[PDB]
Each structure stands twice: as structure tokens, then as C-alpha cells.
Amino acid sequence: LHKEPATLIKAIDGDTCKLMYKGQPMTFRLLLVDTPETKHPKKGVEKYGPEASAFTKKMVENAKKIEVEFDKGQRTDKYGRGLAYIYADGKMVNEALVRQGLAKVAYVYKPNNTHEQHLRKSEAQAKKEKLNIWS
Ligand SMILES: Cc1cn([C@H]2C[C@H](OP(=O)(O)O)[C@@H](COP(=O)(O)O)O2)c(=O)[nH]c1=O
Ligand SMILES: [Ca+2]
């Protein structure tokens with residue numbers, strides 16, 4: 001996998017944001033995780049949703065460098081959102097949320113699963129430490 005620079009346009013919620021990639025604005029959705037809903041009426045404002053959103057926002061807003069890393073399978077989902085592992089100053093946002101108990105490992109679609117085990121070990125840690133979602 002190769003990391004590529006991007007520029008933050010707007011953080012939307014815990015796992016979706018708009019970035020300027022390859023000269024064009026695109027909304028991105030973090031690979032392999034799921035932060036709680038704060039938008040969709042069918043799900044309503046789920047618990048920790050606002051929190052996951054605050055965590056992500058702070059993280060990407062205060063970063064000097066943002067990089068996107070596509071996996072080896074498809075690069076966009078059915079809604080046209082880019083699918084990637086996002087890094088804020090070298091720290092993977094996907095992992096950070098999981099480790100904090102603000103996201104669950106989900107939507108594991110082969111072959112876009114290169115970092116699955118890494119994210120799972122962090123989630124098991126958040127779980128045993130009964131953090132947020134796991135409390
Ligand atoms: C992370 C991810 C999301 N999705 C889809 C599944 C879900 O679609 P449905 O709308 O059909 O449930 C939705 C989950 O993202 P959200 O958490 O943003 O809803 O996006 C994929 O298609 N593949 C992925 O790798
Ligand atoms: Ca979500």
C-alpha cells in the first residue's frame with residue numbers, strides 16, 4: 001500500500017469527511033470501521049456518535065499532514081465515497097477510533113482487509129479496557 005497526500009476540506013462525522021484528493025474534492029469513508037450514526041433518521045443519533053465525531057474532527061483539523069491509503073480492492077463504495085485508511089500526522093485515524101472504543105471493526109470486504117488484524121487487536125484492547133462503546 002502507498003500513502004498519498006490529501007488536504008482536509010470538511011470533517012463530516014466520525015468516519016466520513018471531504019478531502020481534496022488529486023486536485024478534486026471527494027468524500028471519504030474510513031475502511032474497516034464504523035463510528036456511530038449522528039445523521040440518518042433510520043439510526044438516529046446513536047450513542048458515542050457525537051463523541052466519535054468530535055474525536056475525528058480534532059484529529060484531522062489539528063494535523064500538519066493528511067494522507068490517504070487505498071487498499072488493494074475497490075477504491076470507492078456504492079455511494080461514490082473513496083475507501084481508505086486515513087493518516088493524520090502519521091497516525092491512522094481508523095485505528096485511533098477503534099482503540100478509543102469509538103468505532104467497531106465492521107464492513108470487512110475482501111480483499112480490502114489488509115489492516116484487519118491490526119484493527120482487531122486494538123478493538124480487543126478497547127473491549128477489555130471497557131472503553132466507551134464497550135462500557
Ligand atoms: C466502510 C464501507 C462501507 N460500505 C457501505 C456499507 C453500508 O451501505 P448501506 O447504506 O447499504 O448500509 C454503508 C456503511 O457506511 P455508513 O456507516 O457511512 O453508513 O456503506 C461499503 O460499501 N463498503 C465499505 O468498505
Ligand atoms: Ca458510520
# chains A, B, ... in the order shown; residues from 1 in each chain; ligands from 1
>>> residues_near_ligand(ligand="ligand 2", cutoff="12 Å", atoms="only C-alpha atoms and all ligand atoms", output="PDB file with N, CA and C atoms, in the first residue's frame")
ATOM      1  N   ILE A  12     -17.014  15.426   8.460  1.00  0.00           N
ATOM      2  CA  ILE A  12     -18.472  15.285   8.497  1.00  0.00           C
ATOM      3  C   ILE A  12     -18.948  14.582   9.751  1.00  0.00           C
ATOM      4  N   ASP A  13     -18.403  13.407  10.023  1.00  0.00           N
ATOM      5  CA  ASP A  13     -18.757  12.704  11.241  1.00  0.00           C
ATOM      6  C   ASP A  13     -17.576  11.814  11.583  1.00  0.00           C
ATOM      7  N   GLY A  14     -17.761  10.869  12.488  1.00  0.00           N
ATOM      8  CA  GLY A  14     -16.656  10.030  12.899  1.00  0.00           C
ATOM      9  C   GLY A  14     -15.921   9.266  11.825  1.00  0.00           C
ATOM     10  N   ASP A  15     -16.616   8.830  10.780  1.00  0.00           N
ATOM     11  CA  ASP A  15     -15.962   8.042   9.747  1.00  0.00           C
ATOM     12  C   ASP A  15     -16.064   8.544   8.307  1.00  0.00           C
ATOM     13  N   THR A  16     -16.611   9.746   8.112  1.00  0.00           N
ATOM     14  CA  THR A  16     -16.758  10.327   6.775  1.00  0.00           C
ATOM     15  C   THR A  16     -16.293  11.780   6.783  1.00  0.00           C
ATOM     16  N   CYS A  17     -15.599  12.191   5.726  1.00  0.00           N
ATOM     17  CA  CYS A  17     -15.066  13.555   5.619  1.00  0.00           C
ATOM     18  C   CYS A  17     -14.888  13.894   4.162  1.00  0.00           C
ATOM     19  N   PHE A  28     -14.713  10.856   1.748  1.00  0.00           N
ATOM     20  CA  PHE A  28     -14.051   9.599   2.064  1.00  0.00           C
ATOM     21  C   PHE A  28     -14.764   8.913   3.215  1.00  0.00           C
ATOM     22  N   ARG A  29     -14.671   7.593   3.255  1.00  0.00           N
ATOM     23  CA  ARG A  29     -15.283   6.780   4.287  1.00  0.00           C
ATOM     24  C   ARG A  29     -14.154   5.866   4.723  1.00  0.00           C
ATOM     25  N   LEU A  30     -13.877   5.844   6.016  1.00  0.00           N
ATOM     26  CA  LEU A  30     -12.808   5.022   6.553  1.00  0.00           C
ATOM     27  C   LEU A  30     -13.049   3.537   6.321  1.00  0.00           C
ATOM     28  N   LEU A  31     -12.006   2.833   5.877  1.00  0.00           N
ATOM     29  CA  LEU A  31     -12.079   1.392   5.658  1.00  0.00           C
ATOM     30  C   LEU A  31     -12.110   0.610   6.987  1.00  0.00           C
ATOM     31  N   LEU A  32     -12.851  -0.498   6.983  1.00  0.00           N
ATOM     32  CA  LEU A  32     -12.953  -1.439   8.111  1.00  0.00           C
ATOM     33  C   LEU A  32     -13.515  -1.029   9.459  1.00  0.00           C
ATOM     34  N   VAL A  33     -14.150   0.129   9.562  1.00  0.00           N
ATOM     35  CA  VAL A  33     -14.671   0.562  10.859  1.00  0.00           C
ATOM     36  C   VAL A  33     -16.036   1.180  10.729  1.00  0.00           C
ATOM     37  N   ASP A  34     -16.687   1.369  11.865  1.00  0.00           N
ATOM     38  CA  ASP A  34     -17.985   2.024  11.883  1.00  0.00           C
ATOM     39  C   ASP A  34     -18.212   2.838  13.159  1.00  0.00           C
ATOM     40  N   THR A  35     -18.168   4.161  13.024  1.00  0.00           N
ATOM     41  CA  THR A  35     -18.438   5.045  14.147  1.00  0.00           C
ATOM     42  C   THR A  35     -19.963   5.176  14.183  1.00  0.00           C
ATOM     43  N   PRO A  36     -20.532   5.474  15.356  1.00  0.00           N
ATOM     44  CA  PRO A  36     -21.989   5.611  15.458  1.00  0.00           C
ATOM     45  C   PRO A  36     -22.618   6.757  14.637  1.00  0.00           C
ATOM     46  N   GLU A  37     -23.835   6.505  14.175  1.00  0.00           N
ATOM     47  CA  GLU A  37     -24.604   7.445  13.378  1.00  0.00           C
ATOM     48  C   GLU A  37     -25.032   8.697  14.142  1.00  0.00           C
ATOM     49  N   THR A  38     -25.022   9.829  13.451  1.00  0.00           N
ATOM     50  CA  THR A  38     -25.468  11.092  14.035  1.00  0.00           C
ATOM     51  C   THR A  38     -26.367  11.788  13.008  1.00  0.00           C
ATOM     52  N   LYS A  39     -26.479  11.166  11.841  1.00  0.00           N
ATOM     53  CA  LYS A  39     -27.254  11.724  10.762  1.00  0.00           C
ATOM     54  C   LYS A  39     -28.524  10.945  10.446  1.00  0.00           C
ATOM     55  N   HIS A  40     -28.379   9.858   9.703  1.00  0.00           N
ATOM     56  CA  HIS A  40     -29.517   9.061   9.275  1.00  0.00           C
ATOM     57  C   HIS A  40     -30.629   8.775  10.277  1.00  0.00           C
ATOM     58  N   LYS A  43     -31.333   5.444  11.911  1.00  0.00           N
ATOM     59  CA  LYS A  43     -30.477   5.032  13.009  1.00  0.00           C
ATOM     60  C   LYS A  43     -30.485   6.044  14.136  1.00  0.00           C
ATOM     61  N   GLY A  44     -30.843   7.278  13.803  1.00  0.00           N
ATOM     62  CA  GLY A  44     -30.885   8.332  14.797  1.00  0.00           C
ATOM     63  C   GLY A  44     -29.497   8.626  15.317  1.00  0.00           C
ATOM     64  N   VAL A  45     -29.413   9.493  16.318  1.00  0.00           N
ATOM     65  CA  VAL A  45     -28.127   9.832  16.894  1.00  0.00           C
ATOM     66  C   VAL A  45     -27.751   8.730  17.851  1.00  0.00           C
ATOM     67  N   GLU A  46     -26.945   7.795  17.378  1.00  0.00           N
ATOM     68  CA  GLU A  46     -26.522   6.698  18.220  1.00  0.00           C
ATOM     69  C   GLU A  46     -25.540   7.197  19.275  1.00  0.00           C
ATOM     70  N   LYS A  47     -25.462   6.457  20.377  1.00  0.00           N
ATOM     71  CA  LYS A  47     -24.580   6.791  21.495  1.00  0.00           C
ATOM     72  C   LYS A  47     -23.116   6.746  21.046  1.00  0.00           C
ATOM     73  N   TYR A  48     -22.365   7.766  21.449  1.00  0.00           N
ATOM     74  CA  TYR A  48     -20.954   7.917  21.107  1.00  0.00           C
ATOM     75  C   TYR A  48     -20.763   8.472  19.701  1.00  0.00           C
ATOM     76  N   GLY A  49     -21.869   8.644  18.983  1.00  0.00           N
ATOM     77  CA  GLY A  49     -21.807   9.196  17.646  1.00  0.00           C
ATOM     78  C   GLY A  49     -21.172  10.566  17.708  1.00  0.00           C
ATOM     79  N   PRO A  50     -21.727  11.488  18.509  1.00  0.00           N
ATOM     80  CA  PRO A  50     -21.223  12.851  18.672  1.00  0.00           C
ATOM     81  C   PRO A  50     -19.790  12.867  19.144  1.00  0.00           C
ATOM     82  N   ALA A  52     -17.482  10.308  18.715  1.00  0.00           N
ATOM     83  CA  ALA A  52     -16.626   9.793  17.657  1.00  0.00           C
ATOM     84  C   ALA A  52     -16.393  10.923  16.671  1.00  0.00           C
ATOM     85  N   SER A  53     -17.430  11.705  16.422  1.00  0.00           N
ATOM     86  CA  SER A  53     -17.304  12.830  15.517  1.00  0.00           C
ATOM     87  C   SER A  53     -16.354  13.877  16.067  1.00  0.00           C
ATOM     88  N   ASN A  94      -8.390   5.493  11.543  1.00  0.00           N
ATOM     89  CA  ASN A  94      -9.223   4.288  11.681  1.00  0.00           C
ATOM     90  C   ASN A  94      -8.890   3.531  12.958  1.00  0.00           C
ATOM     91  N   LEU A  97      -9.646   5.488  16.515  1.00  0.00           N
ATOM     92  CA  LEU A  97     -11.043   5.429  16.948  1.00  0.00           C
ATOM     93  C   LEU A  97     -11.359   4.074  17.567  1.00  0.00           C
ATOM     94  N   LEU A 102     -14.481   4.083  20.146  1.00  0.00           N
ATOM     95  CA  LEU A 102     -15.392   4.989  19.437  1.00  0.00           C
ATOM     96  C   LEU A 102     -15.861   4.462  18.060  1.00  0.00           C
ATOM     97  N   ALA A 103     -15.419   3.253  17.716  1.00  0.00           N
ATOM     98  CA  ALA A 103     -15.782   2.609  16.456  1.00  0.00           C
ATOM     99  C   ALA A 103     -15.628   1.105  16.620  1.00  0.00           C
ATOM    100  N   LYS A 104     -16.365   0.358  15.808  1.00  0.00           N
ATOM    101  CA  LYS A 104     -16.307  -1.094  15.827  1.00  0.00           C
ATOM    102  C   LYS A 104     -15.704  -1.498  14.491  1.00  0.00           C
ATOM    103  N   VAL A 105     -14.984  -2.616  14.474  1.00  0.00           N
ATOM    104  CA  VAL A 105     -14.422  -3.127  13.234  1.00  0.00           C
ATOM    105  C   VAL A 105     -15.647  -3.674  12.503  1.00  0.00           C
ATOM    106  N   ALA A 106     -15.857  -3.222  11.277  1.00  0.00           N
ATOM    107  CA  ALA A 106     -17.019  -3.652  10.526  1.00  0.00           C
ATOM    108  C   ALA A 106     -16.761  -3.492   9.045  1.00  0.00           C
ATOM    109  N   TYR A 107     -17.682  -4.009   8.235  1.00  0.00           N
ATOM    110  CA  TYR A 107     -17.617  -3.917   6.772  1.00  0.00           C
ATOM    111  C   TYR A 107     -16.310  -4.465   6.212  1.00  0.00           C
TER     112      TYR A 107
END
>>> residues_around(residues="segment 62-70 of chain A", least_positions_apart="3", cutoff="6 Å", atoms="only C-alpha atoms", output="ChimeraX atom specification")
/A:3-6,59,84-89
>>> write_last_selection(atoms="N, CA, C and O atoms", output="tab-separated table (two decimals), in the first residue's frame")
chain	number	residue	atom	x	y	z
A	3	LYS	N	0.98	5.51	0.59
A	3	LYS	CA	0.25	6.65	1.13
A	3	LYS	C	0.36	7.83	0.16
A	3	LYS	O	1.39	8.01	-0.48
A	4	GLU	N	-0.69	8.64	0.08
A	4	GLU	CA	-0.70	9.80	-0.81
A	4	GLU	C	-1.25	10.98	-0.04
A	4	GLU	O	-2.22	10.84	0.69
A	5	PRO	N	-0.68	12.17	-0.24
A	5	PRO	CA	-1.15	13.36	0.46
A	5	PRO	C	-2.54	13.79	0.06
A	5	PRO	O	-3.01	13.48	-1.03
A	6	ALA	N	-3.23	14.46	0.97
A	6	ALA	CA	-4.58	14.95	0.73
A	6	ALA	C	-4.70	16.18	1.58
A	6	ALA	O	-3.86	16.41	2.45
A	59	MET	N	-8.71	15.49	15.51
A	59	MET	CA	-7.57	14.79	14.94
A	59	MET	C	-7.18	15.24	13.55
A	59	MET	O	-6.00	15.40	13.26
A	84	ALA	N	-10.60	4.28	2.18
A	84	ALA	CA	-9.19	4.29	2.55
A	84	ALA	C	-8.91	4.32	4.05
A	84	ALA	O	-9.83	4.38	4.89
A	85	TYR	N	-7.63	4.17	4.36
A	85	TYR	CA	-7.10	4.25	5.72
A	85	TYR	C	-6.54	5.67	5.66
A	85	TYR	O	-5.82	6.02	4.74
A	86	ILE	N	-6.98	6.53	6.58
A	86	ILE	CA	-6.54	7.92	6.57
A	86	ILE	C	-5.53	8.10	7.69
A	86	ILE	O	-5.72	7.58	8.79
A	87	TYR	N	-4.47	8.85	7.42
A	87	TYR	CA	-3.43	9.12	8.41
A	87	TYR	C	-3.37	10.60	8.72
A	87	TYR	O	-3.37	11.42	7.80
A	88	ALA	N	-3.30	10.94	10.00
A	88	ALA	CA	-3.19	12.33	10.43
A	88	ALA	C	-1.84	12.37	11.14
A	88	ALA	O	-1.65	11.71	12.16
A	89	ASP	N	-0.88	13.07	10.53
A	89	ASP	CA	0.48	13.15	11.07
A	89	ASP	C	1.05	11.76	11.37
A	89	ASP	O	1.65	11.50	12.43
>>> residues_around(residues="segment 110-127 of chain A", least_positions_apart="2", cutoff="9 Å", atoms="only C-alpha atoms", output="number ranges by chain")
A: 1, 31-33, 70-75, 83, 85, 94-96, 98-101, 103-105, 108, 129-135
>>> atom_distance(atom1="atom CA of residue 41 of chain A", atom2="atom CA of residue 61 of chain A")
27.0 Å
>>> atom_distance(atom1="atom 23 (N, counted along the ligand's line) of ligand 1", atom2="atom CA of residue 55 of chain A")
21.9 Å
>>> closest_residue(among="A:82, A:42, A:77, A:91", to="residue 20 of chain A", atoms="only C-alpha atoms")
A:82
>>> closest_residue(among="A:92, A:128, A:27, A:10", to="ligand 1", atoms="only C-alpha atoms and all ligand atoms")
A:27
